[PDB]
Amino acid sequence: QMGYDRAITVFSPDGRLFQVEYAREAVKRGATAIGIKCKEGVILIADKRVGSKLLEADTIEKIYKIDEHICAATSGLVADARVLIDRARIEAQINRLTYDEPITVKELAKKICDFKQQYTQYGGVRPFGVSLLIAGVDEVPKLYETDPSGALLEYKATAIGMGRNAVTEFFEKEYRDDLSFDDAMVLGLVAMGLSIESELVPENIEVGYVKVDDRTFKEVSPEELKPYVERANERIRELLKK
Amino acid sequence: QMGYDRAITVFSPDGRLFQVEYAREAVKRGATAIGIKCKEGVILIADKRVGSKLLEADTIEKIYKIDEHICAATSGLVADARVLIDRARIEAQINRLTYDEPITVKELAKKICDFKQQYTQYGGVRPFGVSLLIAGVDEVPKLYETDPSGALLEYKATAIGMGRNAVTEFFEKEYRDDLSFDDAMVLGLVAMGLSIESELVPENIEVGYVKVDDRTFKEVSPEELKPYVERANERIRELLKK
Amino acid sequence: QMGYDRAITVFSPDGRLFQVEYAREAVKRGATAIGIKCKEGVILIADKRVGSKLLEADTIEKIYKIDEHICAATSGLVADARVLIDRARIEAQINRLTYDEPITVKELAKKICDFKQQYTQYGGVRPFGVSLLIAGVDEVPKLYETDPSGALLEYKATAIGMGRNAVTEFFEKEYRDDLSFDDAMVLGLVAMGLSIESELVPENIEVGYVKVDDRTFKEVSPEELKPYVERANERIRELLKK
Amino acid sequence: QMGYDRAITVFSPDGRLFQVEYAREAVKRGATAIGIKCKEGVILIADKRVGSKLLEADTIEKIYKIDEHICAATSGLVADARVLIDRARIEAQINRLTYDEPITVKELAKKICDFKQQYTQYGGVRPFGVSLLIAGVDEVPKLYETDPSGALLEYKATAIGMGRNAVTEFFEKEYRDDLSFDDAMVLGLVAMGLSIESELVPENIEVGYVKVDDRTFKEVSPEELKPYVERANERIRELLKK
Amino acid sequence: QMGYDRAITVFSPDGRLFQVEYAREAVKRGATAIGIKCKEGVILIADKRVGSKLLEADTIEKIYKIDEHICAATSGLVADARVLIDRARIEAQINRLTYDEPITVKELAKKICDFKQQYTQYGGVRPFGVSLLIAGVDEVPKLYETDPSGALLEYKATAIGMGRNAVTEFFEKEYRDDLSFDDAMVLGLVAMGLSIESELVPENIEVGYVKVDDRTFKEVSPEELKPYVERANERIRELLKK
Amino acid sequence: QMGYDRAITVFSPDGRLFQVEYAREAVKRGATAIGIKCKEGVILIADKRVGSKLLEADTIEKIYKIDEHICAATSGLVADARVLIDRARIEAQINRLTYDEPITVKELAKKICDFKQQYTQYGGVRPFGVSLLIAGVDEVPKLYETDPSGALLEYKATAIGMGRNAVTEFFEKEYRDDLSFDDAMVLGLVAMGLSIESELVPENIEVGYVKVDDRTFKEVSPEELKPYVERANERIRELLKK
Amino acid sequence: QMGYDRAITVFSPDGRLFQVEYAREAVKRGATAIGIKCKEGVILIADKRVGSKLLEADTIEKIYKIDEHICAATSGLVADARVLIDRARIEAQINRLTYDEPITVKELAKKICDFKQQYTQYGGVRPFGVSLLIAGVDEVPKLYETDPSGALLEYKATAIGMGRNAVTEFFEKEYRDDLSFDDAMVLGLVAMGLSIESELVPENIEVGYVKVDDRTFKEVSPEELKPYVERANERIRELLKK
Amino acid sequence: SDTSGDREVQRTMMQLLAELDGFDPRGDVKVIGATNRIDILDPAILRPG
Amino acid sequence: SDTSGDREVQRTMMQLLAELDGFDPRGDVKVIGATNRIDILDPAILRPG
Ligand SMILES: [Mg+2]
């Protein structure tokens, strides 16, 4: 069509970089991951449906620990995602190293923005195709979204991947500021069932969370998940009937 | 002319860098930021307006302090701003390290611009995709606009981004050189309203300023944005009644 | 055309990498490999049945000892395997150099992928069009497939190479997660037998395993292999009569 | 042409490097800078109008100080103007560092040409898209024009930019060496009148000059400009009665 | 045309990346060399027919000492051969420097494959368009083919270049593992005979061997090669009747 | 022709480099420079002709001094000359560093043609596109033309430039090895005056010369050209009537 | 052909390197240089033919001293040959330094072939378009021809350049293997005479040689060319009439 | 960012668009469109009325 | 914008112009006529009369 997407360095007259927009469209062909922030914690949900009976049930399993109160989920290239996750970990331990200071969620998110923006600007390489959901409780719970470019955006609930568009609409209706942990855990599960268009069972999700009180990363176990699933699936069914 | 636009090592036969022309269109696919100069200081306002309520507008920033008497606003990619303000912060401070002197507005504007020129010499790096407005008081107020091309121009009222055209027509009629602090502030707010085409809400605008009298940067909360935003909004209503 | 596929630092308008999607098929162009996980170890089976009587029966090899207790198979281009497994082996002993720790199966593959991430991002170098399956017992058996892109998938049974598609189907009905070591060993072979469409002779196919009692790489010579093969060959016959 | 102009490396059938001569077209668009030599010093006159009247056009500025008897005016990119002037500044102070001599007009010009030229021969980097005139009296008036190519042509009067065309055709008739300090300052001011096609205001213009009997760069304040501007305004108007 | 063999950093959709299979076609065009493995040694044979009486009938060489127990023979460019043969001789010695162990044929082979792959993987440099036969007796006779891809293939007996297919067929029938040094030597002289569709005279072939009961390289003297050839010619003639 | 001129690496099919061909046109666009060597010295004369009276009395500089008794003069791109000559001076100083001898013209010429050769090899850096005639008296007079290609050629009377062809034809008849010092330099003025197609005056030619009998380079004043010019006009006139 | 000749990195599906062959078409543009190797010495004869009578006959030569008992000729670019052969001097020197044994003609050839070989592999820099004839005597005479690839071919009678095809035909017919130094010398004058297609004058040719007994390089004076040339002219005239 | 073939399509396209509104209140000209999806159709044919 | 396409259309256009005020009158016309662009229009029809 043109050659403004034949290079990463080359702007279009529209003002855009289509090469980045096609790193956007690398995200969307990875499956759904959703983060929900409440006034009590931040709760991070990611698909674990992808696979087969053949494969492990704990096949990727996106919700890797970055710090003891920072977890980060992915959508996009599971390749591109792992180095950024491992860099994410290294950036979190540097903050501790050099200050003996629990890593601020906002500042780690900054450091990821800087890290990818070197790969964006530089044309002997390409930018990452992955969007990470950065979440943790510094002493207030936070959820951010980092883009292929390295663009920082603050959210209070968001999703990334193919499931993004369905869920954005869903939270605009249901999401509220009076919400709580317990209520958030059910909401975020409903929204994950919309994305996959089918009902949840406790083993086809992983859910991580950083509470404000504990201020530790904790996984929800399959046994704890089952009752949140029962409650979630109630609305899943309704919104998938016509 | 076709194909003199897919490198930045390349001038076109008409004389002009169209590559740079396409780098000034990224600013305009960003959100407006207006700066207006008064005798009593320098005021910097920026469109924190966000397209939804799942993002939290307050935290998404727009306008950052750079030095203790210089502030700066961005328009363009969030991403490119992160590299550029981190550049800025380090440079402003590097002056204090080897001269013990808070950086001069001209001089910072210049050093950021030399950074931006260097990314415009080499074809190996994508030129910046933002513009900053650099507003502080050194000993006198100065209000610059840096250009993605890595050029600096002194202005006494300026904008960057999509509203650039409208704020020029506005300040062409109503700008005076004899304005006070309260009047300048009001005038800048009115102007931002034209650009978004709608009223101001305290919660989606950020204003930061540096007075000559005080030489300390201070940031306007939503609480204190309130008096100014009633007075501005009446004028916007009248002006956009026509 | 299509692609946007002569550079690896350019994404397709789908958002995909044509270059990597193309390099995925070179694994397939090369010879089959069958990995199978059971609950009493992990068996990796590699196709070494290739060419006429002009070649030796040993054709290297295709099932390298990576570590004491970790092995890998290869399918795809040999040249690319030669260097990949070189790095793999050196990293396995490097963990013991810095930790005196037998490397986990999991971490070893993650870093096989991490090397390959670098040759996917940087356009100064080709992707490796080769896939290793990584079988060992850290202290539980685990089976991974590493991908050219650097995507990483845990299996509990798999095929790669020529039989990749065929054998996925074989195992939907046949493969369970309640198989014995012996059963599994015979079933990975039936499937291998399925791939070439012929009776297997153990004098040109190489099988290794790591058990959970053992925690050591062992290799099955053809005299030993004979009874396994004899129970496979009845079933390969049953299949090719329907 | 075509294809002998979309790189720096390429030579055309003419022998010209059209890339470099297209960065002389970058100069050519915006604005007059005038140099005029005389036998009682050298006077360097430059444009300083920039855009509308929001822009402060009483600063930014072509006539940069470079030594205590060296000044240059710029035409072309503002972006390139800052780095080239800065290098120029570096090279001047290297002569003081190392010889405890202010550098000669000839040698500074000679050097800064070589610097632009280094960058011409390298590919993947371009030459600078700016042109200077190097004005000084070492012990003798000199006036140079240093080219974006990195060539050196000494003149006794020239102009670069938009006004190049007007001032050449004017200086055919008028220019002589019998000019003094005064006759030259007014005569180059007329020259510039013709170039922008209007009468002069000492607000939108700026003059620096290097006199033999002071051996100083001095920068003329607008009150001091004004007497000379009166002399010139009558001449410029009679000549716009064509 | 293909567009997948512009650089080695491109892949085909076929998986058979064309630019290294065009490094393969470079080999084929080159003139023949055959490796014949027996139980009493290995024998290795290569062209020396090249040129007329302008050219030397003592042209050095195609039959390289690599060690005093390892030989190598080639096809493809003798230019690409030269640098590679150089590296082989140092590398082999490098094993000796740091172990004081004779490098085995298998280990030597894997290292030249690794060297080849440095040039194969990088896109700012082309592969060597040369193939190698490595023949030795470490203490078991061994024969490998190393591809211009730097891929490793083991053979009972093998040939490369223009006569590859004729020899291939020749040993298909006749080759056995029960051949003695005499039998296998004369058989490979028949096969070389066929390749050039002509008789053998002792100056068109250079022939070397690594013996089991000495494990040292020795080159057969011109008049010492004359009785093998004398018996071979009988047979080459029978078959060129056909 | 096409595609063999887009870098200096590529050769065309005849074995000609079309990039290099365009570099001789680069010599030929520029001003004529003639060298005439005699037994008693070597005289180097170069065109100082200006298209305006607004260029300097001596425009700097057509004939460089590059060592005690070694000079060169330029034709072709005069931008590249500044760098080329910066280097030529240094190389001739260098030999005076490391053997403390006056460099011979030949070895000086070799070294500068290596510096071209360096930019010819690399395809990143475009080659020199200017030709110099380096002239000096060592053991005996010597005169070279060093070409853009990185070749030296020795001549006994020479030319390059616009006038190149005309002065090859002239000396073919007129030059002889019986010419005195004076009869030679005068003969080059005749050569130069045909070339411009005008009578010569001192301000449109630049002369230096090299004496044997002083063993030193001198640069001849415009005043002391005046007698020779007078002598020259008669022959030029006759030639311009033919 | 068509992009598979426009970079050196490429291959063609012919399996040629078309770029190298074009580099060899460079060898054939330049003039003939011819060598004979006899048992009592080695003979080197170069073209010194001048294009004009203003060209100086002294250097336009091919023949370079390299070692006390090694000379050589070149064909190709002038520029490439002097840099390449100054490398062969160095290389000969290195050998003398570190082993204290003057370099054999064979070893030299392998070393300088491998030097051309880094430039053939690399994409960032072109190969030289030169062939050499490396002639010397170590203990007994040696003669090698270097290809533009870096290929190394041993010869006893050889040519490069333009005149080459006829010299190939010539040494088929005429040359004998019982000939002395004197008799083979004349024959090479008839062969140079053939290629230039006139009866030689001994001022358009140059002879260097190395005898075994002398074990030196000499260069044949005009006095000393004449008996060979007169003898030659007699047989040369006969081939230009028949 | 333009293309040459698109220029054709658009000068055609607007005359499609024109007629569709065009039927005077005298005469009843009803139409039934069909398309692959709205994902390949411009805003100006997706326009109300 | 397209080699055959501007020139073909440019001909229909330059005819239409002759009758408008080329030598030839209004004729009590009273034109009236719609567009949505002003950039694609020749300067010749653009001016008044
Ligand atoms: Mg209508």
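Residues numbered from 1 in each chain as written, not as in the entry; some residues may be left out. Chains lettered and ligands numbered in written order. Part of a larger assembly, values for the part shown. Heavy atoms only, no water.

Structure determination for this entry is recorded as cryo-EM, at 6.95 Å resolution.

Student: Which residues make up the relation of the copies chain E and chain G, and what are the values?
Tutor: Between chain E and chain G, which share one sequence, the superposing operator has a rotation angle of 51 degrees and an axial displacement of 0.3 Å; the RMSD is 0.9 Å. When the interface residues of chain E are mapped onto chain G, a mere 12% of them are again interface residues, pointing to distinct binding faces. (Least-squares fit on C-alpha atoms. Contact = heavy atoms within 4.5 Å.)

Student: Requested: an account of the arrangement of the chains, with residues and values cited.
Tutor: A minimum C-alpha distance of 15 Å separates chain A and chain F, which share no contact. A minimum C-alpha distance of 16 Å separates chain C and chain F, which share no contact.

Student: How would you explain the interface of chain D and chain B if you had to name every residue and give the values?
Tutor: Contacts between chain D and chain B engage 33 residues on the former and 36 residues on the latter. At the boundary of chain D with chain B, total buried surface from both sides reaches about 3,000 Å², with 57% on carbon and sulfur atoms. Three residues stand out in chain D for area buried against chain B, namely D:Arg6, D:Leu54 and D:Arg126, and they jointly supply 24% of the buried area on that side. At the junction of chain D with chain B, the criterion picks out 2 salt bridges. Joining chain D to chain B, the criterion identifies 13 residue pairs in polar contact. Those elements that provide at least two residues to the side of chain D that touches chain B are α1 (24–28) and α2 (78–98) of chain D. The leading source of residues in the side of chain D that touches chain B is α2(D), at 7 residues. Here the side of chain D that touches chain B is composed, by residue class, of 16 nonpolar, 5 polar and 12 charged. (Buried area = accessible area lost by both parts, 1.4 Å probe. Salt bridge = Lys/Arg side-chain N within 4 Å of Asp/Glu carboxyl O. Polar contact = N/O pair within 3.5 Å; in protein donor to acceptor, adjacent residues only side chain to side chain. Helix = DSSP H or I, 4+ residues; strand = E, 2+ residues; numbered from the N terminus. Nonpolar A, V, L, I, M, F, W, Y, C, P; charged D, E, K, R; others polar.)

Student: Please provide a residue-by-residue account of the packing of α2(D) against helix α3 (residues 105–121) of chain D, values included.
Tutor: All names here are of chain D. It is the contact of α2 with α3, at a shortest axis distance of 10 Å, that shows an interaxial angle of 130 degrees. Taken together, the axes of α2 and α3 are oblique relative to one another. Once α2 is placed against α3, the crossing between them reads as right-handed. Where α2 abuts α3, its residues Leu 84, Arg 87, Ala 88, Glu 91 and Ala 92 lie against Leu 108, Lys 111, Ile 112, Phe 115 and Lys 116. Across the contact of α2 with α3, the residue classes break down as 6 nonpolar, no polar and 4 charged. (Axes fitted to C-alpha atoms, helices over the stretch in contact; angles between N-to-C directions. Parallel < 35°, antiparallel > 145°, perpendicular 65-115°, else oblique. Left-handed = near helix turned anticlockwise from the far one by under 90°.)

Student: Got a sec to walk through empty space enclosed by the protein? Specific residues and values, please.
Tutor: All names here are of chain E. For the structure on display, the rule yields 4 cavities of 30 Å³ or more. Reported here for the largest cavity is a volume of approximately 70 Å³. A per-element tally of the lining of the largest cavity places helix α1 (residues 18–29) first, with 3 residues. Grouping the constituent residues of the lining of the largest cavity by class yields 3 nonpolar, 2 polar and 5 charged. (1 Å grid on protein atoms, 1.4 Å probe; cavity = no way out; pocket = protein on both sides within 12 Å on 5 of 7 lines; lining within 4 Å. Points joined across faces, edges and corners; volume = space filled by probe spheres on them.)

Student: Can you lay out the state of the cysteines for me, pointing to particular residues and giving the numbers?
Tutor: The full count for this structure, using the stated rule, is 0 disulfides over all chains. For the unlinked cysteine D:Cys71, the closest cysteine sulfur is that of D:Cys38, found at 13 Å. (Disulfide = S-S within 2.5 Å.)

Student: Go over the pairing of strand β2 (residues 41–47) of chain C, please, and point to the residues and values.
Tutor: Residues and elements named next belong to chain C. Within β2, 7 of the 7 residues are buried, which leaves the element mostly enclosed by the surrounding structure. Relative to β2, strand β1 (residues 33–38) runs antiparallel, the two sharing 6 bridges. Each residue of the ladder has a partner; that of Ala 33, found in β2, is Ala 46. Linking two consecutive strands that pair antiparallel, namely β1 and β2, is a turn of 2 residues. (Buried < 20%, exposed > 50% of the residue type's maximum accessible area, 1.4 Å probe, protein only. Pairing = 2+ DSSP bridges.)

Student: So what's going on with the nonpolar core? Residues and values would help.
Tutor: Ranked by size, the top nonpolar core spans 77 residues in total, and within it C:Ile134 and E:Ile66 carry the most contacts. With sequence-adjacent residues up to four places away left out, C:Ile134 is seen in contact with C:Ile70, C:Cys71, C:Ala72, C:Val105, C:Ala109, C:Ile112, C:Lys142, C:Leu143, C:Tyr144 and C:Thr146. Formed by 52 residues, the second largest nonpolar core is a distinct cluster that contains A:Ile36, A:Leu187, A:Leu194 and A:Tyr209. (Core = buried A, V, L, I, M, F, W, Y, C linked by side-chain atoms within 4.5 Å.)

Student: Just give me the short version of the pattern of salt bridges, but keep the residues and values in it.
Tutor: The full count for this structure, using the stated rule, is 134 salt bridges over all chains. Note that F:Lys111 and F:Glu107 form a salt bridge whose closest N and O atoms lie 3.3 Å from each other. Of the two residues, F:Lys111 and F:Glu107 both sit in helix α3 (residues 105–121), 4 residues apart, roughly one turn of that helix. Overall, F:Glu107 belongs to the partly exposed group, its relative accessible area being 30%. Look at the salt bridges and you will find they share partners, linking A:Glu56, C:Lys39, C:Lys156 and C:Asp177 into a network.

Student: So what about a nonpolar patch on the surface? Which residues, and what values?
Tutor: Side chains of H:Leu16, H:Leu20, H:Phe23, H:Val29, H:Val31, H:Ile38, H:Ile45 and H:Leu46 sit close together on the surface and give an oily, nonpolar patch of about 690 Å² of accessible area. Looking at the element boundaries, H:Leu20 is found in helix α1 (residues 4–22). (Patch = residues over 30% accessible without salt bridge, like charges linked within 9 Å, V, L, I, M, F, W, Y side chains within 5 Å. Areas by Shrake-Rupley, 256 points an atom, 1.4 Å probe, with all protein chains shown as cover.)

Student: So, the sheet that holds strand β3 (residues 63–65) of chain C: which residues are in play, and what are the values?
Tutor: Residue and element names in this part refer to chain C. An order of β3-β4-β5-β6-β7 is seen for the 5 strands of this open sheet, with the pairing classed as antiparallel. Lying at the two open borders of the sheet, with one neighbouring strand each, are β3 and β7 (152–155). Across the sheet, the mean angle from the axis of one strand to that of its neighbour is 25 degrees, orientation sign disregarded. Relative to strand β4 (residues 70–76), β3 is paired through 3 bridges, and the arrangement is antiparallel. Within the sheet, the bridge partner assigned to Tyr 64 lies in β4 and is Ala 72. Lying over the sheet, helix α3 (residues 78–98) contacts β3, β4 and β5 (130–137), oriented at roughly 35 degrees with respect to β5.

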